[PDB]
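Asker: Take a look at the following structure, please.
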Amino acid sequence: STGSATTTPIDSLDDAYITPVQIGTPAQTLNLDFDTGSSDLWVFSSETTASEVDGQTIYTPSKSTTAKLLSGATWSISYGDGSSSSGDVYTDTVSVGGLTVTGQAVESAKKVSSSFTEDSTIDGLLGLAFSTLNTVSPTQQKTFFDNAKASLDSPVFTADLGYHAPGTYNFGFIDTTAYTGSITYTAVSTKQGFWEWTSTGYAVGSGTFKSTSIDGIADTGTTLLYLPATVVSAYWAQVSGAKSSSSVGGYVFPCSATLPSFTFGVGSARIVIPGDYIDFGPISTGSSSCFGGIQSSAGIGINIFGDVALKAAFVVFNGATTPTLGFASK
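Encoded structure:
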């Protein structure tokens, strides 16, 4: 089997991407944030505290003939940005882009934090990291990908995120028309439950490539690119007037600037992030101070190849017995 679904930015800054997902019978379609940095499929639901719902589409298990309460199971998750959600669990049929899993754990939110309530465009998350991170207790549950894997033509999914445009998540096949040149594969460590890999270095604009190992995670659920302070300082030093602002919470730059590209290494290959991808616009409406798309990972504890990086590439998440990550230009 295979699946193929279009993923669409939620706003003009590509802050996140939503992908339609069919849950239950008859289908209830919810727009979920596919997140390669977590491992819970959770949804706004008929059980979500009413004051914490503001425009989202909800999953109503009582209207699904295939929903079954997973008795005794609860979940609770906290994300890197400080947001959180929790609730109980149903199993139900879940389909993505024509690919169907029966018996998928669908985690129903009783509570969500303010950032979720305030984002009316995101109806939940679909985690695509390793199932060892799943938060369901007392019986840990498998991700949609883990459950689908045996049925898939090939045990892979791919992320092809757009810059200010729709893109695609494919399951079970590699679309050889979706990228240019060749795909370069690189080793993955699952030791922390993430798609964790080591970049071979970086360049700023037309500068020379610096060979240096940068361990980090491929995380479609994080907006920006978070790298070591040394790397980030080297980048922003090439932008006149750029500075780190503790009041704003990261590097800002004059909106009149032209940003240089940023290149990262994948083995001997190079992925180039155009300067425009690194512009996250005015810090507040009407401001001439703009927020940078490359920020320091210092104090996160991990480097994160978020959407800013991933959208510059066609990315293969290979879930074979020995997992790997592939990157191609596009």
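Mature numbering (1 follows the signal peptide of the UniProt record, and there is no 0) puts the sequence shown at residues 70 to 399. Idealized CB from N, CA, C, for every residue including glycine.
Could you check whether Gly310 and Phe322 sit closer than 8 Å to each other, using their CB atoms as the reference points?
Answerer: Result yes, Cβ atoms of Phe322 and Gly310 sit closer than 8 Å.
Asker: Roughly how many angstroms separate the alpha carbons of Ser177 and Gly276, rounded to a whole number?
Answerer: Cα-Cα distance, rounded: 49 Å.
Asker: Please tell me whether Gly375 and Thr269 are closer than 8 Å, where the distance is taken between their beta carbons.
Answerer: In this structure, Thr269 does not lie closer than 8 Å to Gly375 by Cβ.
Asker: For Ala306, is the classification buried or exposed, using 16 other Cβ atoms within 10 angstroms of its Cβ as the cut-off for buried?
Answerer: The residue is exposed, with fewer than 16 neighbouring Cβ atoms inside 10 Å.
Asker: How about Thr71 and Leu230: are their beta carbons less than 8 Å apart?
Answerer: No, the pair does not count as a contact, with Cβ atoms beyond the cut-off.
Asker: If distances are taken between C-alpha atoms only, which option among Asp161, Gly319 and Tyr232 comes closest to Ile342?
Answerer: When each option's Cα is compared against that of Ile342, the closest is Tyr232.
Asker: Which class does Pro130 belong to by DSSP, given the choice of helix, strand or coil?
Answerer: Residue state, collapsed to three classes: helix.
Asker: What runs of the beta strand (DSSP E), each 3 residues or longer, lie entirely inside the stretch 337-374?
Answerer: For the stretch 337-374, whole beta strand (DSSP E) runs of length 3 or above, ordered along the chain, are 338-342, 348-351, 358-361, 363-365 and 372-374.
Asker: With distances taken between CB atoms, is the gap from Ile363 to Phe331 smaller than 8 Å?
Answerer: Yes, the pair counts as a contact, with Cβ atoms nearer than the cut-off.
Asker: Could you give the DSSP three-state label for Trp144: helix, strand or coil?
Answerer: Residue state, collapsed to three classes: strand.
Asker: If I measure Cβ to Cβ from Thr281 and keep anything under 6 Å in the same chain, skipping five residues before and after, which residues do I get?
Answerer: The answer, listed in chain order, is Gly270.
Asker: Check whether the stretch 196-215 touches the stretch 113-131, taking contact to mean three or more Cβ pairs, one atom from each stretch, closer than 8 Å.
Answerer: The stretch 196-215, when compared against the stretch 113-131, does not touch it at the 8 Å Cβ threshold.
Asker: Contact between the stretch 78-97 and the stretch 288-305: three or more CB pairs below 8 Å?
Answerer: Yes: the two stretches touch, three or more of their Cβ pairs being nearer than 8 Å.
Asker: Determine which residues share a DSSP beta bridge with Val321 and list them.
Answerer: BP columns for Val321 point to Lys312 and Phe360.
Asker: On a Cα-Cα basis, can you pick out the residue from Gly368, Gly370, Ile369 and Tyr346 that is closest to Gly361?
Answerer: Closest option to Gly361, Cα to Cα, is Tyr346.
Asker: Cutting at 8 Å between CB atoms, please list the residues of its own chain near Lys380, excluding the five before and the five after it.
Answerer: If we look at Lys380 and ignore the five residues flanking it on each side, its Cβ neighbours are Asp83, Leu230, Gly231, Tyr232, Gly236 and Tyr346.
Asker: Please confirm whether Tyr254 and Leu138 have their CB atoms less than 8 Å apart.
Answerer: Result no, Cβ atoms of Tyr254 and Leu138 do not sit closer than 8 Å.
Asker: How about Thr267 and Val385: do their beta carbons lie closer than 8 Å?
Answerer: In this structure, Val385 does not lie closer than 8 Å to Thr267 by Cβ.
Asker: Checking 8 Å against the spacing of the C-beta atoms, do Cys324 and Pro297 come in under that value?
Answerer: Going by C-beta atoms, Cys324 is not nearer than 8 Å to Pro297.
Asker: Give the DSSP bridge partners of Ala272, in chain order.
Answerer: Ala272 pairs with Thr332.
Asker: In chain order, which continuous runs of the beta strand (DSSP E) of length 3 or greater are located wholly inside the stretch 171-219?
Answerer: The stretch 171-219 contains these whole beta strand (DSSP E) runs: 193-196.
Asker: Quick check: is the beta carbon of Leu138 nearer than 8 Å to any beta carbon in chain D?
Answerer: Although the question refers to chain D, the structure presented lacks it and comprises just one protein chain.
Asker: Only counting runs of 3 or more residues, tell me where the beta strand (DSSP E) segments fall wholly within the stretch 92-119, in order along the chain.
Answerer: As far as the stretch 92-119 is concerned, its whole beta strand (DSSP E) runs of at least 3 residues are 97-104 and 110-112.
Asker: Apply the 10 Å Cβ neighbour rule to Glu187 and answer buried if 16 or more other Cβ atoms are within range, or exposed otherwise.
Answerer: Its Cβ having fewer than 16 others within 10 Å, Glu187 is exposed.
Asker: Within the continuous beta strand (DSSP E) that includes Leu230, where are the two ends?
Answerer: Careful: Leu230 lies outside any beta strand (DSSP E) and carries neither H nor E.
Asker: If we call anything under 8 Å between Cβ atoms a contact, is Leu99 one with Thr135?
Answerer: Taking 8 Å as the Cβ cut-off, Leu99 and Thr135 do not qualify as a contacting pair.
Asker: In three-state DSSP terms, what is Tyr238?
Answerer: Three-state DSSP puts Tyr238 in a strand.
Asker: Looking at the structure shown, is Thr246 part of a helix, part of a strand, or coil, going by DSSP?
Answerer: The answer is coil: DSSP assigns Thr246 none of H, G, I, E or B.
Asker: Cα separation between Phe213 and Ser164?
Answerer: One C-alpha to the other measures close to 9 Å.
Asker: Residues in the same chain with beta-carbon distance under 6 Å from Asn387, minus the five sequence neighbours each way, listed in chain order, please.
Answerer: Contacts found: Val225 and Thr393.
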